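Trainee: Counted from 1, the sequence shown has number 108 at position 81 by the deposited numbering; the numbering is strictly sequential. The C-beta atom is built at its ideal place from N, Cα and C for all residues, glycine as well.
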Amino acid sequence: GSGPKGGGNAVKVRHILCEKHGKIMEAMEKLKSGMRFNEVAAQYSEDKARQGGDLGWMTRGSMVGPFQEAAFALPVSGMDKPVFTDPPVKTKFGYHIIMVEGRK
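1. Among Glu73, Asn36, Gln78, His48, which residue has its Cα nearest to the Cα of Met62?
2. Measuring straight from C-alpha to C-alpha, what distance separates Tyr122 and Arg130?
3. Label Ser72 either buried or exposed according to how many other C-beta atoms from any shown protein chain fall within 10 Å of its C-beta, with 16 as the threshold for buried.
4. Compute the beta-carbon to beta-carbon distance between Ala54 and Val40, rounded to the nearest angstrom, for a pair I have assumed lies under 8 Å.
5. Quick check: the Cα distance between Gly49 and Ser29, rounded to an integer number of angstroms?
6. So which of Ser89, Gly105, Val110 has the shortest CA-CA distance to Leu44?
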């Protein structure tokens with residue numbers, strides 16, 4: 028009884044990857060310290076971006092597999108304090124920080 032919730036097919040996910048695996052934390056700390064949310068998402072994501080790159084509503088079946096198998100299968104999360112798993116998850120490009128926030 029906490030809001031109209033009886034499906035859960037979309038979630039607000041964001042991603043940040045660090046081929047060097049050195050800024051993944053610099054990206055995990057900044058986001059946790061409240062530093063640059065867009066710059067870190069800009070480069071620390073060594074790819075698209077998590078904050079400003081925050082893709083948006085994403086439903087299973089149109090995402091991929093592993094990237095969705097974790098976040099989706101995992102409760103909301105993101106930043107340096109995601110769900111039980113860890114932000115820097117591996118799937119096919121190193122460890123990326125996935126932040127799901129707003130399921131459907």
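Mentor: In this structure, then:
1. As a first step, residue 62 must be located in the sequence shown, where it is residue number 35. Answer by Cα proximity: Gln78.
2. For this step, residue 122 is matched to residue 95 along the sequence shown. For this step, residue 130 is matched to residue 103 along the sequence shown. Spanning the two alpha carbons is a distance of roughly 23 Å.
3. Your numbering for residue 72 matches position 45 in the sequence shown. Counting other Cβ atoms within 10 Å of its Cβ, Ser72 reaches 16 or more and is therefore classed as buried.
4. The sequence position of residue 54 within the sequence shown is 27, counting from 1. The sequence position of residue 40 within the sequence shown is 13, counting from 1. Distance from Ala54 to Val40 at the Cβ level is roughly 15 Å; contact not present, criterion being Cβ atoms closer than 8 Å.
5. Position 22 of the sequence shown, counting from 1, holds the residue named residue 49. Position 2 of the sequence shown, counting from 1, holds the residue named residue 29. Distance between the alpha carbons of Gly49 and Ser29: 40 Å.
6. The count along the sequence shown starts at 1 and reaches residue 44 at position 17. Nearest of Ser89, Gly105, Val110 to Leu44, Cα basis: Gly105.
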